[PDB]
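Structure assessment
Chain residues, written in single-letter form:
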Amino acid sequence: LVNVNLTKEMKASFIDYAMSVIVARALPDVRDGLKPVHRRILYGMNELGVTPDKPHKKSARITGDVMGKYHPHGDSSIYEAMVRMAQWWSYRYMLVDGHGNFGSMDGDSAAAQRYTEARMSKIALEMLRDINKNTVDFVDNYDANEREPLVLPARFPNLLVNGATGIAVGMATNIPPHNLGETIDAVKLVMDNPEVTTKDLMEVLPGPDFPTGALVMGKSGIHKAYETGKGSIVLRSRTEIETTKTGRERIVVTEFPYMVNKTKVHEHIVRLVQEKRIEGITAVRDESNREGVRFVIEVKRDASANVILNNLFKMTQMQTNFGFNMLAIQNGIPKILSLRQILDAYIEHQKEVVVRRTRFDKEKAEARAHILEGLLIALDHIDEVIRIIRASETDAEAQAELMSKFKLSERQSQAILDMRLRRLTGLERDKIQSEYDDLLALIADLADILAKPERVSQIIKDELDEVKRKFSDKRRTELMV
Amino acid sequence: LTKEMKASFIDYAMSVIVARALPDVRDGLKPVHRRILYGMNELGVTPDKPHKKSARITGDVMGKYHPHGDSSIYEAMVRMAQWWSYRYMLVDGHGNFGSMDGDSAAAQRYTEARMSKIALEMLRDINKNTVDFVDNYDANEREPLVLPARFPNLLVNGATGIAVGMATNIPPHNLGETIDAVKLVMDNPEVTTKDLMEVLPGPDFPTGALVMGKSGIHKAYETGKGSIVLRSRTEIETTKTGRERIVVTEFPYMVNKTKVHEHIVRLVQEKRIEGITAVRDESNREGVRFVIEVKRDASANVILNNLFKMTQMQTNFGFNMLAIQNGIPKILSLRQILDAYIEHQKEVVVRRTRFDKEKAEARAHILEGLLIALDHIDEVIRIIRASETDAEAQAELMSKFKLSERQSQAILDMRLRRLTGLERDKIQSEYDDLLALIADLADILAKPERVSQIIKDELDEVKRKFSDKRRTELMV
Amino acid sequence: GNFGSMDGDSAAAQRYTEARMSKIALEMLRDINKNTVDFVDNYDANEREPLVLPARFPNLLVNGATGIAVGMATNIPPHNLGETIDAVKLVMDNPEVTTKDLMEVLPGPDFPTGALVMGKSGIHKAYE
């Protein structure tokens, strides 16, 4: 069978086994927290240029395209994450704009692979634009040729606020979600104020949010989990007693906390009927739910319906003991972070992002500056260089005489030599001079941004406010003590 | 009314006859086959690349024109692959085409073909405005009504017409014999029919036969009417047991072996010579082994004359020998094919000369502008520095020297690489070369015999490239 | 598909041209093995085409014809089939019958819509 005798290669293959199973499935990353397959989806959708501006497209074709541009990995988790980042209700924020059959929230994952027709959302335009941006190393695949980026850089801790699902690999962890607006607020307060305290930002930060809209009670678990990320908290559904025209009372729920089925709990209600461990209950009904979710339990008189609500949030699954585990990974090794340290690593990432983008733009401007330096030096002593080309013979003689007379490089001399008559009007000569000084002003501006670091902070805050303007984030949940 | 009905009769009869009856004198190439070769040249894919297996070619053909069947277009393809029927050669192909056997190759697109070697030089000079064009009914692409030629294929491949008024037999001939006939009529406008007997000893076949007559050939090349003998080859050899064995290789043309053999079996089996149960007619993939053995107490020659009376081993092959030119049919003789091909090639060469003068004098005008630019430069530079517009620069150049608009703008098309003096001498050298070639073409245009010499040049080109002998062994 | 019923709207949906035939060609012609009709050859003169349509049936006598504007005009007006079979079989078993006694067998020239016919002098002229 095995007959493998060398324990050393067993240990080495076992370390690669463990770390590769880590790297494969979902991890608390530095910059996106995502699966690498998510990164694959995003980078393929970007570099194919499939915008939401353009119309919809059959997406299983795109799935096979990305699968063929990448490794021959299995289709299952691919199509799973394809659905998951198109599910509007599960992830708090919108990524993939599907068009087909999914199942709403009640245990029917419709998997119509033929009908896989979709687009994306407009938030990847805020997520990543690294076309020219020297940011991230690449790994090569098909006989080691074609790029794949290591990480997903951004200007945005959105995926902090999204939430994570990486549990069964080694030890368990997740990321519970918040909303974005007060996140922007507390972040900018740390930006302009690098020496703030936790609880004063808890004054800025409400509870961990949920897309359905949850009733939150208690803050001791909030105190523990904003610090150390461990503990379960209690969650209740928006549930009311309503009187009829007859005086009969009605238990009316609006939503539920996270990871709840209507139908499994409904079967559990029918159990509780036939289990004969709860009384009073008459009608278990649910209709018209697509204009708005409306599930109604209706109970006879002389029953103490609020005590029955107490019995619901004691024994039924309507009560939620929602636990946290945010056990981080920063450059491979597992860690654990406070809410400050997350944003700190975000800050220094934005530092490196804007610095490297500015240096790429710097080298753009420097190269074009050397171009226009050569142009203006050609404009200096024109007829002498006319005599030069009327005299000399070769590339070597021309470059030697131009370097002796004007101290320029070879490419500069040849770009001089590539000047035609139709770029010899004094109009375009002074337009060269004008755009030359424009780029000089841009170089000086970027050097001034290199002088002081806080301009980066200010521009980040500006475009955070732009995103919060285009993406107003009202609340949906409710916190109590 | 009835005059308009007569107009419809005349015009529609012209449509049908020019459609599917005899082609022009100028090409000898039927317009179906003409468009086959034109679209296969406009495939562009060389015969050097391996020849294709597709009906996409014929789909573009049917997009070029709607017939009463593209299966007939494929029939035209296959009948131009019939080397055993139509001579050398118009198809570079691979697929099933059979022989003169009764073969049915239903695999239509499954055959391979592309351009052929003779077609390559046969249809050059499209890029020289030599031949006129007409638009299709589809109003999108054009087509030529005639073709340029490098030989009278009229004589190379014959004609087997249909009787719309009457059909037409035209026999094939030989390559180099036709070349010698061209040279003969070129050197002498005073040739005779015996001269034609010299440079053409006789019409030949891709298979071979025997033509015993002489004056039928004489009336064929003079009157255009007459019938000949087509005879099978006969070889009388000795069986080891004493039988006058008959070996046959050649045959009359358009004569399958199969039904002839069946009628021979019938004539045996109708109370006649029945002891000839010896018909060894096989192994014909090396050649033709059509061997019988005459029975004992019977001579071979009587059975030979009886099968000549069966009109299949000896056949009166007639000739109608008609043609189409200037919208009319015509009874044929030589100095008509001959002078027609001569003056057609005159048209082609002279119009090619005119087009080459067009290109050469246009480029000469360019290099005029180039050398006049390279005379004096820096003053033009400094006056350009006193300007800000290419229209102003054009007006400045018109004030400076005599140029064209194209010349002025091409002088504006000068980077700094253009500012040397060696390339001045190079442009001057090619300028004098081009002036010398223009004067050469003008002197050739003031030379009638030089055209004939160019015709001799192309004849010697195709003669060094190819030749063919008389495979059809003819005794008279 | 789409045709238009009888009121001047010839629907010509060439894309929608989806069809079958009727079961009467099984009575019309079965010449597979049947040495009946010469053939003419087309694409470089190879493939068959029959000269005529033989049958066992004068059905197309009873159908009707439309050949008018070519030279002079002619048609074939239709009958029905049953009394046609009757009068034909009477001529078969009786080769020496008269016209009007078969007009006793043959009603007027028929029409598919169902027409009111008056008069028989034109019937006398046109059957002759």
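- The record names cryo-EM as the way this model was obtained, at a resolution of 5.16 Å.

**Considerations on the overall build of chain B**
- Scanning chain B from terminus to terminus reveals 17 helices and 14 strands.
- Expected size for 476 residues packed as a compact globule is a radius of gyration near 23 Å; at 31 Å, chain B overshoots this value by more than 25%.
- Each principal axis of the C-alpha atoms in chain B carries an extent, and together these give about 115 × 55 × 50 Å.
- Across the 476 residues of chain B, 40% fall into the buried class.
- The long-range fraction of contacts in chain B, counting pairs at least 24 apart against all pairs at least 6 apart in sequence, stands at 68%.
- For chain B, the accessible surface area stands at approximately 28,100 Å², while carbon and sulfur atoms represent 55% of it.

**Some remarks on the interface of chain B and chain A**
- The interface is formed by 21 residues belonging to chain B together with 19 residues belonging to chain A.
- At the boundary of chain B with chain A, total buried surface from both sides reaches about 2,000 Å², with 55% on carbon and sulfur atoms.
- It is B:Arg385, B:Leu416 and B:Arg417 in chain B that bury the most area against chain A; as a group they hold 30% of the surface buried on that side.
- Linking chain B to chain A there are six salt bridges.
- Summed over the shared surface of chain B and chain A, the number is ten residue pairs in polar contact.
- Within the residue set of the side of chain B that touches chain A, elements represented by two or more residues are α13 (378-385) and α15 (405-412) of chain B.
- Examining the composition of the side of chain B that touches chain A, we find that five residues originate from one element, α13(B), more than from any other.
- Here the residues of the side of chain B that touches chain A sort into eight nonpolar, four polar and nine charged.

**A word on the interface of chain C and chain B**
- Listed per partner, the contact involves six residues of chain C and nine residues of chain B.
- Between chain C and chain B lies a buried interface of about 480 Å² when both sides are counted; carbon and sulfur atoms form 40% of it.
- For chain C, the biggest contributors to the area lost against chain B are C:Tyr43, C:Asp44 and C:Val70; these three give 96% of the whole.
- Linking chain C to chain B there are one salt bridge.

**Describing the sheet that holds strand β11 (residues 290-293) of chain B**
Residues and elements named next belong to chain B.
- With antiparallel pairing, the four strands of this open sheet are ordered in space as β8-β9-β11-β10. Single-partner strands in this sheet number two, and they are β8 (235-238) and β10 (279-281). Strand-to-strand twist in this sheet, taken as the mean axis angle between neighbours without regard to direction, amounts to 20°.

**Overview of the packing of helix α14 (residues 395-406) of chain A against helix α15 (residues 410-417) of chain A**
Residue and element names in this part refer to chain A.
- It is at 10 Å that the axes of α14 and α15 come closest, and there the two elements cross at 105°. The orientation of α14 with respect to α15, classified from their angle, is roughly perpendicular. Contacts from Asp395, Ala398, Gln399 and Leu402 in α14 reach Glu410, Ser413, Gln414 and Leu417 in α15.
- Of the residues that constitute the contact of α14 with α15, the class distribution is three nonpolar, three polar and two charged.

**Here we look at the nonpolar core**
- Counting 35 residues, the largest nonpolar core has A:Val385, A:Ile389, A:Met419, B:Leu416 and B:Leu419 as its most contacted members.
- Within the second largest apolar cluster, 32 residues are counted, among which are B:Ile170, B:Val185, B:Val199 and B:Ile337.

**Quick word on empty space enclosed by the protein**
- Across all of its chains, the model carries 18 cavities of 30 Å³ or more by this definition.
- Estimated volume of the largest cavity: approximately 440 Å³.
- Lining the largest cavity are 28 residues, and of these A:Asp29, A:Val30, A:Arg31, A:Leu160 and A:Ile342 sit closest to its centre.
- Those elements giving two or more residues to the lining of the largest cavity turn out to be α6 (158-162), β11 (329-330) and α12 (339-380) of chain A.
- Counting residues per element, the lining of the largest cavity draws most heavily on α12(A), which supplies six residues.
- Here the lining of the largest cavity is composed, by residue class, of 17 nonpolar, seven polar and four charged.
- Looking at the second largest cavity, its volume works out to about 370 Å³.
- Along the wall of the second largest cavity there are 28 residues; nearest its centre are A:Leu421, B:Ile377, B:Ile381, B:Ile384 and B:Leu419.
- Sorting the residues of the lining of the second largest cavity by element identifies α12 and α13 (382-391) of chain A together with α12 (337-375), α13 and α14 (390-400) of chain B as the ones contributing at least two each.

**Examining the pattern of salt bridges**
Residues and elements named next belong to chain B.
- Taken as a whole, this structure holds 45 salt bridges over all chains when the rule is applied.
- Residues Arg124 and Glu121 are paired through a salt bridge, measuring 3.5 Å at the closest nitrogen-oxygen approach.
- For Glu293, the salt bridge goes to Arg245, with nearest N and O atoms at 2.7 Å. Note that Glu293 is positioned in strand β11 and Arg245 in strand β9 (residues 244-248), a separation of 48 residues in sequence. The exposure classification of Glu293 matches that of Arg245, with both residues buried.
- One continuous salt-bridge network, built from bridges that share partners, spans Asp125, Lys128, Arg150, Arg352 and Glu458.

**Overview of the arrangement of the chains**
- Highest in contacts among the two pairs of chains that touch are chains A and B.
- The closest approach of any C-alpha atom in chain A to one in chain C is 27 Å; the two make no contact.

**A word on the packing of aromatic side chains**
- Across all of its chains, the model carries eleven aromatic pairs over all chains by this definition.
- Their ring planes at 40° and their centres at 5.4 Å tell us that B:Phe205 and B:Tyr253 sit as a pair that is tilted. With B:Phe205 in the loop between α8 (193-199) and α9 (215-223) and B:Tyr253 in the loop between β9 and α10 (257-268), this residue pair connects regions lying 48 residues apart in the sequence. In this pair, the class of B:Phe205 matches that of B:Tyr253, namely buried.
- These aromatic residues form a ring-pair network of at least three members: A:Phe210, A:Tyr258, A:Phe322 and A:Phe324.
- When the ring centre of A:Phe138 is taken as reference, the NZ or CZ atom of A:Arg147 above it lies at 4.5 Å.
- Residue placement shows B:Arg142 over the ring face of B:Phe133; its charged tip is 3.5 Å from the ring centre.

**Observations concerning unusual backbone geometry**
- The omega angle of the peptide bond from B:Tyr88 to B:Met89 is -25°, so this bond is cis rather than trans.
- Mapped onto the elements, B:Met89 comes out in the loop between α4 (71-79) and β1 (92-93).
- Phi is positive for A:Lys276, which is not a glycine, with a value near 60°.
- Its location among the elements puts A:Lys276 in the loop between α10 (262-274) and β8 (281-286).
- Exposure remark for A:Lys276: the relative accessible area of 65% places this residue in the exposed category.
- One non-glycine residue, B:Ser283, lies in the positive phi region at around 55°.
- The residue B:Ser283 is located in the loop between β10 and β11 in this model.
- B:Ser283 sits in the partly exposed class, given a relative accessible area of 36%.

**Brief notes about the pairing of β9(B)**
All names here are of chain B.
- Counting buried positions along β9 gives four out of five residues, so the element sits mostly inside the fold.
- Where β8 meets β9, four bridges bridge the pair, whose relative direction is antiparallel. Note on β9: the bridge partner recorded for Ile236 is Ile246.
- Joining the antiparallel neighbours β8 and β9 is a turn of five residues, in which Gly242 adopts a positive phi near 85°.
- The sheet contact formed by β9 and β11 spans four bridges and is antiparallel. Directly across from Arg245, in β11, lies its bridge partner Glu293.

**Description of the packing of helix α2 (residues 31-41) of chain B against α4(B)**
Residue and element names in this part refer to chain B.
- Direction vectors running N to C along α2 and α4 enclose 80°, while the axes themselves pass 10 Å from each other. As judged from the angle between their axes, α2 and α4 are roughly perpendicular. On α4, the residues touching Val32, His33, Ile36 and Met40 of α2 are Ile73, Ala76, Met77 and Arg79.
- When grouped by side-chain class, the residues that make up the contact of α2 with α4 number six nonpolar, one polar and one charged.

**What about the environment of C:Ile68?**
Residue and element names in this part refer to chain C.
- Structurally, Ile68 can be placed in the loop between α2 (59-63) and α3 (82-93).
- Note on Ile68: relative accessible area 40%, which makes it partly exposed.
- Ignoring anything within four residues of it in the chain, the contact list for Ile68 reads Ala73, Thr74 and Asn75.

**Section: the sheet that holds strand β9 (residues 295-299) of chain A**
All names here are of chain A.
- Taken together, the four strands give an open sheet; going across it, the order is β6-β7-β9-β8, and neighbouring strands pair in antiparallel fashion. The open sheet has two free edges, formed respectively by β6 (239-243) and β8, since each of these has just one partner strand. Across this sheet, the average inter-strand angle for adjacent strands is 25°, counted without regard to direction.
- Together, β6, β7 (249-253) and β9 form the strand contacts of helix α11 (residues 305-315), whose direction differs from that of β6 by roughly 160°.

Rules and cut-offs
- Numbering of residues starts from 1 on every chain and follows the order in which that chain's sequence is written, so it may differ from the entry's own numbering; residues lacking coordinates are left out.
- By the order in which they are written, chains take letters starting at A while ligands take numbers starting at 1.
- What you see is a piece of a larger assembly; the numbers all apply to this piece alone.
- Computation of side-chain values covers all heavy atoms of the structure but excludes hydrogens and water.
- A helix here means a DSSP run of H or I that spans at least four residues, while a strand means a run of E at least two residues long, and both kinds are numbered starting from the N terminus.
- The globule rule used for comparison is 2.2 Å times the number of residues to the exponent 0.38, while the radius of gyration itself is calculated over C-alpha atoms.
- When a residue's accessible area, from a 1.4 Å probe over protein chains only, is under 20% of the maximum for its type it is buried; when over 50% it is exposed; and in between it is partly exposed.
- Note on contacts: a residue pair is in contact if any heavy atoms of the two residues lie within 4.5 Å.
- Here, Shrake-Rupley sampling with a 1.4 Å probe gives the accessible areas, and only protein chains in the shown set may cover a residue.
- Summed over both partners, the accessible area (1.4 Å probe) lost when two parts come together is defined as the buried area.
- We define a salt bridge as a contact between a side-chain nitrogen of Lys or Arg and a carboxyl oxygen of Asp or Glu at a distance within 4 Å.
- Polar contacts, as used here, are pairs of N or O atoms within 3.5 Å; protein pairs need one atom able to donate a hydrogen and one able to accept it. Residues neighboring in sequence count only if both atoms are side-chain atoms.
- Just so you know the grouping, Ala, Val, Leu, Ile, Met, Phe, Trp, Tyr, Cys and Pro go in nonpolar, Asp, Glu, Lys and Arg go in charged, and all remaining residues, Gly too, go in polar.
- Here a strand pair is declared whenever DSSP counts at least two bridges between the two strands.
- Every axis corresponds to a line fitted to the C-alpha atoms, with the helix fit spanning only the stretch in contact, and the corresponding angles, defined between N-to-C directions, vary from 0 to 180 degrees.
- Each angle gets one of four labels, with under 35 degrees taken as roughly parallel, over 145 as roughly antiparallel, 65 to 115 as roughly perpendicular, and the rest as oblique.
- Residues belong to a common nonpolar core when they are buried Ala, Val, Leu, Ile, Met, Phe, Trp, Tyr or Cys residues joined through side-chain atoms within 4.5 Å.
- The pocket and cavity definitions rest on a 1 Å grid over protein atoms only: a 1.4 Å probe that fits but cannot leave marks a cavity, an open set with protein on both sides within 12 Å along at least five of seven lines marks a pocket, and residues lining either have an atom within 4 Å of a point.
- Grid points are joined across faces, edges and corners, and a volume is the space filled by probe spheres set on the points.
- By convention, a stacked pair of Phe, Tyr or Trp rings (six-membered ring in the case of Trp) has centres within 6.5 Å and planes under 30 degrees apart, an edge-to-face pair has planes over 60 apart, and any other such pair is tilted.
- Counted as over-ring charges are cases with an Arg CZ or a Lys NZ within 6 Å of the ring centre that also lie within 35 degrees of the ring normal.

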